[PDB]
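Let's start with one chain on its own, the form deposited in one PDB entry, as structure tokens.
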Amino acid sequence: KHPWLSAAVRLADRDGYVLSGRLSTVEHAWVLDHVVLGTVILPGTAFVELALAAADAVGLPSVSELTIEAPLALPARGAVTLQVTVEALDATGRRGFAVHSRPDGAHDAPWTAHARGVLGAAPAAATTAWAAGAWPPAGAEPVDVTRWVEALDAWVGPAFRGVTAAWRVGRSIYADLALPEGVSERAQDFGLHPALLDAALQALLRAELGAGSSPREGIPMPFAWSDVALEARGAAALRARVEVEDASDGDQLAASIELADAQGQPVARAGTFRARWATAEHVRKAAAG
């Protein structure tokens, strides 16, 4: 089952699936803590979670690609209806998909597309030996996760403060991630709780927007993910390795993410995450539609 998807229909007239559900900000008030430069939107890691749920429903192991097209503005006390569409399996073993929402109750309001991509085979496994033994890895320098970062600390609520400690060795950020109290109780209901995957992004941003960085307007916003596969569902706390790619584009940030459980074993990996710097007005306008 899933907290946000209540039906998974295998289509009868073509090779495809339609997953439907509902996201209530009363039942899941934690999502409202995701305030982005003043605008309340669902975290993009929630689209990853929904795509991972679709992969499980259709028997594929990975989200090969996901593009975020438009944010999902969250009602202060209401619900949105969700739909995940999954297309036919092609000769390379891949399926297109899309994630959509519409305001709850308005049964002929138009659907809004938030994310699209392709489901497929899983990429190569990555060791989690970095999570075993010495922690942090030898030679690490601390990242002060309590140091103020305006773009995060001015805005987000408690569910989106999920980094308990972080360090860096060169391009690799190592972090302890944990869902806050209250929020953690639902972790077992998700494939990968969106606030827990978002904590890996928080660790990256605190490292990149922190001490010694040049000030910049706004915040990097995820727009694309590649090769995201879960090995274990329902985790509440993790160790993370976030390896930053050398940025060939000054307006973008890119990294891989690897997550390990408390026993040192793999939980999930994202081959690539890509973000682009966005201003407050850009986010406001995008959420307004």
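The numbering used is simple: start at 1 and walk along the sequence shown. We call the rigid core the largest set of C-alpha positions that still match within 1.5 Å between the two forms.
query: Averaged over C-alpha atoms, is the B-factor higher for 108-116 or for 192-200 in this PDB entry?
result: According to the entry, 108-116 carries the higher average C-alpha B-factor.
Higher-scoring stretch by recorded Cα B factor average, 275-283 or 13-21: The entry gives the higher C-alpha B-factor average to 275-283.
query: Considering only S214, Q83, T128, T164, which residue's Cα atom bears the greatest B-factor as recorded?
result: Answer for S214, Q83, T128, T164: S214, with the highest C-alpha B-factor.
query: Based on the PDB record, which member of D261, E243, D249, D227 exhibits the highest Cα temperature factor?
result: Answer, based on the entry's C-alpha B-factors: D249.
message: How does the C-alpha B factor of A237 compare with the rest of the chain: lowest, middle or highest third?
response: Bottom third by C-alpha B-factor.
- request: Sort the modelled residues of this chain by their C-alpha B factor and say whether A154 lands in the lowest, middle or highest third.
  value: For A154, the deposited C-alpha B-factor lands in the lowest third.
- prompt: Would the CA B-factor of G96 place it in the lowest, middle or highest third of its chain?
  reply: Tercile = lowest for this residue's CA B-factor.
message: Can you tell me whether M221 has a C-alpha B-factor in the lowest, middle or highest third compared with the other modelled residues of the same chain?
response: Top third by C-alpha B-factor.
message: Taking only the Cα B-factors deposited for this chain, tell me whether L253 sits in the lowest, middle or highest third.
response: Ranked within chain, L253 CA B lands in the highest tercile.
Omitted from view is the form deposited in another entry, to which the following refers.
- request: With the two forms aligned on their rigid core, point out which item of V242, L52, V31, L37 shifts its C-alpha by 2 Å or more between the shown form and the other one.
  value: Looking at each option in turn, only one qualifies, and it is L37.
task: Establish whether a shift of 2 Å or more occurs at the C-alpha of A125 between the shown form and the other one, with the two forms superposed on the rigid core.
output: Comparing the forms between the shown form and the other one, which are aligned on their rigid core, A125 does shift its C-alpha by 2 Å or more.
Distance direction in the other form for the C-alpha atoms of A124 and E231, relative to the displayed form (3 angstroms or more): Closer is correct, given that in the other form the C-alpha spacing of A124 to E231 is reduced by at least 3 Å.
Comparison of CA distance in the other form with shown form for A268, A124, at least 3 Å: Relative to the shown form, the pair is closer.
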